[PDB]
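J.: Protein chains in written order, with PDB author numbering: chain A, 539 to 673, 686 to 733; chain B, 930 to 1124; chain C, 734 to 825, 846 to 1075. We put the beta carbon where it would ideally sit given N, CA and C, even for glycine.
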Amino acid sequence: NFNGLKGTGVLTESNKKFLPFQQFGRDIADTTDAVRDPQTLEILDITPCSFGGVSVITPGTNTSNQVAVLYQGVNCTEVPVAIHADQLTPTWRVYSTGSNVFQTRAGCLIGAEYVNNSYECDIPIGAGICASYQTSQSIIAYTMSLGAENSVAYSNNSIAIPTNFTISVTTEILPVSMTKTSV
Amino acid sequence: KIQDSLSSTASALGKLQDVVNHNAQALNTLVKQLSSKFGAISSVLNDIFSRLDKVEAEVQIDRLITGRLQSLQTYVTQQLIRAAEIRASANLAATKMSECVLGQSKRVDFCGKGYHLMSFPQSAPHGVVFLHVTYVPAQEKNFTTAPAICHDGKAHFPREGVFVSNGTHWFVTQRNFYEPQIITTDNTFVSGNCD
Amino acid sequence: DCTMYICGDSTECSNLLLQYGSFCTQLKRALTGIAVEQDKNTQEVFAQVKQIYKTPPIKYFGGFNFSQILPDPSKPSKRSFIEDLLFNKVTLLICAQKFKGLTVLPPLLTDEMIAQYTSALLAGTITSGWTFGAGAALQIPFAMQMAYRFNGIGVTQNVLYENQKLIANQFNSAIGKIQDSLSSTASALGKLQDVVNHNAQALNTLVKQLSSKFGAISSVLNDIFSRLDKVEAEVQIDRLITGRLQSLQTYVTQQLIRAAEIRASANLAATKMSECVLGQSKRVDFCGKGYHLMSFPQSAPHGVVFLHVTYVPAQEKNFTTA
Ligand SMILES: *[C@@H]1O[C@H](CO)[C@@H](O[C@@H]2O[C@H](CO)[C@@H](O[C@@H]3O[C@H](CO)[C@@H](O)[C@H](O)[C@@H]3O)[C@H](O)[C@H]2NC(C)=O)[C@H](O)[C@H]1NC(C)=O
Ligand SMILES: *[C@@H]1O[C@H](CO)[C@@H](O[C@@H]2O[C@H](CO)[C@@H](O)[C@H](O)[C@H]2NC(C)=O)[C@H](O)[C@H]1NC(C)=O
Ligand SMILES: *[C@@H]1O[C@H](CO)[C@@H](O[C@@H]2O[C@H](CO)[C@@H](O)[C@H](O)[C@H]2NC(C)=O)[C@H](O)[C@H]1NC(C)=O
Ligand SMILES: *[C@@H]1O[C@H](CO)[C@@H](O)[C@H](O)[C@H]1NC(C)=O
Ligand SMILES: *[C@@H]1O[C@H](CO)[C@@H](O)[C@H](O)[C@H]1NC(C)=O
Ligand SMILES: *[C@@H]1O[C@H](CO)[C@@H](O)[C@H](O)[C@H]1NC(C)=O
Ligand SMILES: *[C@@H]1O[C@H](CO)[C@@H](O)[C@H](O)[C@H]1NC(C)=O
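(1) Taking 8 Å as the threshold (C-beta atoms), are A955(C) and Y914(C) in contact?
(2) Could you name the residues whose beta carbon sits closer than 5 Å to any heavy atom belonging to ligand 4, keeping them in chain order?
(3) Suppose the cutoff is 6 Å on Cβ atoms and the five residues either side in sequence are ignored; what does the same chain contact list for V619(A) look like?
(4) Please report the straight-line C-alpha distance between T765(C) and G664(A), rounded to a whole angstrom.
(5) Spell out the partners DSSP gives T1063(C) in its beta bridges.
(6) Closest Cβ-Cβ distance between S755(C) and chain B: below 8 Å?
(7) Quick check on this structure: which residue in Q917(C), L998(C) and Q1008(C) has the alpha carbon closest to the alpha carbon of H951(C)?
(8) Starting from the N-terminal side, write out each stretch of the alpha helix (DSSP H) that is 4 residues or longer and does not extend beyond the stretch 752 to 813 of chain C.
(9) Measuring only the C-alpha atoms, how far is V949(C) from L696(A)?
(10) Quick one: what's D583(A) bridged to in DSSP?
(11) For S637(A), I'd like the list of residues in its chain whose CB is within less than 6 Å of its CB, leaving aside the five on either flank, ordered along the chain.
(12) From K944(C) to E1014(C), what does the alpha carbon distance come to, in whole angstroms?
(13) So, under 8 Å CB-CB, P894(C) and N706(A) are touching, yes? Tell me the CB distance rounded to an integer number of Å.
(14) Just to be sure I understand the criterion: a residue counts if its Cβ is closer than 6 Å to at least one heavy atom of ligand 7. Which residues meet that?
(15) Using CA atoms only, rank isn't needed, just tell me which of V1037(C), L819(C) and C735(C) is closest to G854(C).
(16) Of the residues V984(C), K983(C), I994(C) and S926(C), which one's Cα is nearest the Cα of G968(C)?
(17) Out of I690(A), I661(A), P628(A) and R631(A), point me to the one whose CA is closest to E651(A)'s CA.
(18) May I ask you to list the residues that DSSP assigns as paired with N1071(B)?
(19) Would you tell me roughly how many angstroms separate the C-alpha atoms of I990(B) and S979(B), rounded to the nearest one?
(20) Is residue 913(B) near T1063(B), with beta carbons less than 8 Å apart?
(21) Considering Cα atoms alone, identify which of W883(C), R812(C) and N821(C) is closest to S872(C).
(22) Any beta-carbon of chain B closer than 8 Å to the one on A698(A)?
(23) Mark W630(A) as exposed unless 16 or more other C-beta atoms lie within 10 angstroms of its C-beta, in which case mark it buried.
(24) What whole-angstrom Cβ distance do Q910(C) and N904(C) have, given they're in contact under 8 Å?
(25) Are the stretch 787 to 801 of chain C and the stretch 1051 to 1069 of chain C touching, with three or more C-beta to C-beta distances below 8 Å?
(26) Can you tell me where the alpha helix (DSSP H) with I994(B) in it begins and where it stops?
(27) If the criterion is Cβ atoms closer than 8 Å, does the pair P1050(C) and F820(C) meet it?
(28) Skipping 5 residues on each side, what residues in its chain have a beta carbon closer than 7 Å to that of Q1103(B)?
(29) Opposite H1085(B) in the DSSP bridges: which residues?
(30) Whose CB is closer than 6 Å to a heavy atom of ligand 2? List the residues in chain order.
(31) Judging by CA-CA distance, which residue of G645(A), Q577(A), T720(A) and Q641(A) is the nearest neighbour of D933(B)?
(32) Please report whether the beta-carbon of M866(C) lies at a distance below 8 Å from any beta-carbon of chain A.
(33) So, under 8 Å CB-CB, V548(A) and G563(A) are touching, yes? Tell me the CB distance rounded to an integer number of Å.
(34) How would you call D947(B), buried or exposed, if buried means at least 16 neighbouring beta carbons within 10 angstroms?
(35) List the residues of chain B that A887(C) touches, going by C-beta distances under 9 Å, in chain order.
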């Protein structure tokens, strides 16, 4: 209730340069983001805690009962800030400082071990990372493979000519119409 | 193998299954979306009229008409979006029939993967399925080639084909099938000297 | 995010949100469908090859000079000389004020992976002709390959060999003019410039829309409770939730229009690379301006750039015919 300001959010020490009679702090969205504390000249910026989107990696429920959790765009040492009870709605504390932690360009995911081979992509993650449920079964995270490497023996007096042929039949499915509805 | 490929895995027809799965999902949300209150006393429509008199009942009833009148408008708008991308796919299947089925296509990678020969249509619920037949080269060899040949001080060029040599003396073949032939005035045309 | 955008960090409003209920969940499934599609648009264009070829060390392709489009190993990023001019010509605290549940997800394919697909297309289309897009790749000298590109236009193959040195110079000269032309002006990259401008402007109006009263007593949620009686305060707060829910709806609807337009353009780049790049096109004014010979792809931020090579007749003379 700082001199008539009501809201919610942790208070952190800030070092912005105010002016002799500048009390409030206004952001682009016209919301408070800084307050001059009464009885002091201190300035505190009002922001929530370490927050973002929480995603769950999982195979089918029937296949297994295991999950992996990815926090989007957070430093991997700033996630264990809220390992407590009555502090978070999510109290699953074994996943914060838990299994093999691997840091990606989209935050660090916990519960999957990073192997350093490469296969095709099964469950996309982001920035060239994919996850799969391989074998003794556990979830792993690897880097995508673009395909099999190859090289052509180019020369200025060499040509290659086929001597046989194969015939293949391929399918292709296209939608053409949908259901008619009246209300 | 086409019959057994489809009958093995059921995920091949997912392009038609999600078209009918999306329409059913849109109606289910619309039915479940009239259980909201929109800030009124209750969702039941005639409970307002049986508990309040005419002078503040209109405040509540209007708060519910516009709420339900806005969930219909949202549903209609999404259908206009969906119908404009099914139509963009019905103009693609109407072209594959006119060009791949009713003729032979020279556009590459349009009616299959390889050199197109001929296609057959088949009908599926809310869609169409094409059976492209293509031509693919099998195992190959490699030879030594030469751009031209000088015989009487004049260059010679192949009318249709390439010059190859199996190690000792030269030949002329096709470009898509190794069928060696002897060099002849019939096979070649002359143009200028050979320097 | 549903809850944090409209009245984030206020538990006295979150329970009020359950009254409307499944309205915002429809928005999440709408925006998630857009994001998944963007990862498929990129896949259809650059992933038309089952092999990752690489060029041999020798760089004598019959006199043609390809050094301006092949990758440069010296640079930390394996991007060609031309591709560097494009990355420095597209301009993208701005994202720090997005605590309202607005996030920018990262693409599935990193920009160093797309340059590997593009380098495979180039290294397979100069050593094997068009034969790698219809089966096993078969090598062919570049000097002879250009003779079957003239032969498809309608000009015999005895004119390329007799003019091979002159044709090489014209190709090399025109390939160095593009480098200076791109670095001369800045309006050539306009098509990709407004794609990111529209998205940045759309989010800005969304953020500024939560500072509007919507005709109510006060914009901020906290003082409404402290300035009105509790019997009728619940009427005013839901009267403010409607605006913050309609505003989020118009943003989603506008994106659905834009996504279809980009989808119709990502389906054209896939055709332009199947036909012009992996073959020779007889369609007029499709892969350039004139008689088509070949094309080369390049990668740009959120797009692709083609380099069409064509054939144009020079000075002519009148004649009499029967
Ligand atoms: C490259 O192709 C040439 C042409 O086919 C090959 O030379 C050919 O070799 C056969 C096998 O000896 C010769 O056939 C012989 O013909 C005589 C004719 O009287 C006959 O008496 C023999 O019993 C035998 O059938 C054929 O004449 C000869 N071609 C020519 C033009 O002389 C050559 O072997 C091939 N090289 C490689 C490495 O495969
Ligand atoms: C070209 O390939 C075909 C198969 O793709 C070859 O045909 C096979 O030949 C063997 C030889 O004994 C037979 O056992 C197979 O039954 C044939 N396959 C079929 C489908 O009939 C053919 O021989 C090859 N041609 C050349 C010149 O190598
Ligand atoms: C292909 O063209 C490039 C220019 O785009 C040539 O690179 C130049 O080479 C000359 C002489 O070798 C140098 O003086 C220039 O400084 C080079 N310029 C750049 C930008 O590198 C290159 O040499 C040509 N290819 C071949 C095989 O000569
Ligand atoms: C259980 O899930 C698996 C995939 O995880 C699926 O193949 C199987 O059909 C499912 N069984 C059911 C739904 O009864
Ligand atoms: C996370 O914080 C640590 C501590 O400074 C830092 O070393 C690391 O680079 C950070 N991770 C990032 C920025 O992705
Ligand atoms: C691959 O295995 C682990 C994966 O984390 C890694 O530490 C190790 O150094 C790698 N070994 C080789 C040979 O690449
Ligand atoms: C092919 O290139 C090499 C390397 O420059 C050269 O030595 C050779 O003579 C060339 N072959 C022909 C037929 O020109």
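T.: Taking the coordinates as given:
(1) Taking the first residue of the third sequence as 1, we reach residue 914(C) at position 161. Taking the first residue of the third sequence as 1, we reach residue 955(C) at position 202. Against a cut-off of 8 Å, the Cβ pair of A955(C) and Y914(C) comes out as no contact.
(2) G598(A), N600(A) and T601(A)
(3) For this step, residue 619(A) is matched to residue 81 along the first sequence. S588.
(4) Here residue 765(C) is taken as the residue at index 32 of the third sequence, counted from 1. Here residue 664(A) is taken as the residue at index 126 of the first sequence, counted from 1. Going by the C-alpha atoms only, they are around 14 Å apart.
(5) As a position in the third sequence, residue 1063(C) is number 310, starting the count at 1. Note: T1063(C) sits in a beta bridge opposite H1045(C).
(6) On the third sequence, residue 755(C) is found 22 positions in, with the first residue counted as 1. Yes - at least one Cβ of chain B is within 8 Å of the one on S755(C).
(7) Translated into the one-based positions of the third sequence, residue 951(C) becomes position 198. Comparing Cα positions, the closest option is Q1008(C).
(8) 758 to 779
(9) Taking the third sequence and counting its residues from 1, one reaches residue 949(C) at position 196. Taking the first sequence and counting its residues from 1, one reaches residue 696(A) at position 146. In a straight line, the C-alpha of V949(C) is about 28 Å away from that of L696(A).
(10) Indexing the first sequence from 1 puts residue 583(A) at position 45. Paired residue(s): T550(A).
(11) For this step, residue 637(A) is matched to residue 99 along the first sequence. The answer, listed in chain order, is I648 and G649.
(12) Within the third sequence, the letter at position 191 stands for residue 944(C). Within the third sequence, the letter at position 261 stands for residue 1014(C). Near 13 Å, if we compare the C-alpha coordinates of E1014(C) and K944(C).
(13) Counting from one through the third sequence, the residue named residue 894(C) turns up at place 141. Counting from one through the first sequence, the residue named residue 706(A) turns up at place 156. Indeed they touch by this definition, with Cβ atoms about 5 Å apart.
(14) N706(A), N707(A) and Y793(C)
(15) Numbered from 1 along the third sequence, position 101 holds the residue referred to as residue 854(C). It is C735(C).
(16) As a working mapping, residue 968(C) is identified with position 215 in the third sequence. When each option's Cα is compared against that of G968(C), the closest is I994(C).
(17) Reading the first sequence from its first residue, position 113 is the one you call residue 651(A). For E651(A), the nearest C-alpha among the options comes from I690(A).
(18) If you number the second sequence from 1, residue 1071(B) lands on position 142. DSSP lists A710(A) as partners of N1071(B).
(19) In the second sequence, counting from the first residue as 1, residue 990(B) sits at position 61. In the second sequence, counting from the first residue as 1, residue 979(B) sits at position 50. One C-alpha to the other measures close to 12 Å.
(20) Residue 913(B) is absent from the structure shown; chain B starts at 930 and stops at 1124.
(21) Translated into the one-based positions of the third sequence, residue 872(C) becomes position 119. For the residues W883(C), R812(C) and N821(C), the minimum Cα distance to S872(C) belongs to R812(C).
(22) Within the first sequence, numbered from 1, the residue matching residue 698(A) stands at position 148. So no, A698(A) is outside the interface.
(23) Your numbering for residue 630(A) matches position 92 in the first sequence. Looking at its Cβ environment, which holds fewer than 16 other Cβ atoms inside 10 Å, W630(A) is exposed.
(24) For the purposes of this step, residue 910(C) is taken as residue 157 along the third sequence, with counting starting at 1. For the purposes of this step, residue 904(C) is taken as residue 151 along the third sequence, with counting starting at 1. With 8 Å as the limit, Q910(C) and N904(C) qualify as a contact, their Cβ atoms being about 5 Å apart.
(25) no
(26) Position 65 of the second sequence, counted from the start, is the residue given in the question as residue 994(B). Here the alpha helix (DSSP H) through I994(B) covers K983 to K1025.
(27) Here residue 1050(C) corresponds to residue number 297 of the third sequence, with the count starting at 1. Here residue 820(C) corresponds to residue number 87 of the third sequence, with the count starting at 1. Taking 8 Å as the Cβ cut-off, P1050(C) and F820(C) do not qualify as a contacting pair.
(28) One-based indexing of the second sequence puts residue 1103(B) at position 174. Correct list, in chain order: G1090.
(29) Your numbering for residue 1085(B) matches position 156 in the second sequence. In DSSP, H1085(B) forms a bridge with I1078(B) and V1119(B).
(30) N714(A), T716(A) and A1067(B)
(31) Counting from one through the second sequence, the residue named residue 933(B) turns up at place 4. Checked all of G645(A), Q577(A), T720(A) and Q641(A); the closest Cα to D933(B) is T720(A).
(32) The residue you call residue 866(C) lines up with position 113 of the third sequence. Yes, its Cβ sits closer than 8 Å to a Cβ of chain A.
(33) Counting from one through the first sequence, the residue named residue 548(A) turns up at place 10. Counting from one through the first sequence, the residue named residue 563(A) turns up at place 25. With 8 Å as the limit, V548(A) and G563(A) do not qualify as a contact, their Cβ atoms being about 15 Å apart.
(34) Here residue 947(B) is taken as the residue at index 18 of the second sequence, counted from 1. With fewer than 16 other Cβ atoms within 10 Å, it is exposed.
(35) Residue numbering aside, residue 887(C) sits at position 134 when the third sequence is read from its first letter. Correct list: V1037, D1038, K1042, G1043, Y1044, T1063, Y1064, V1065 and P1066.
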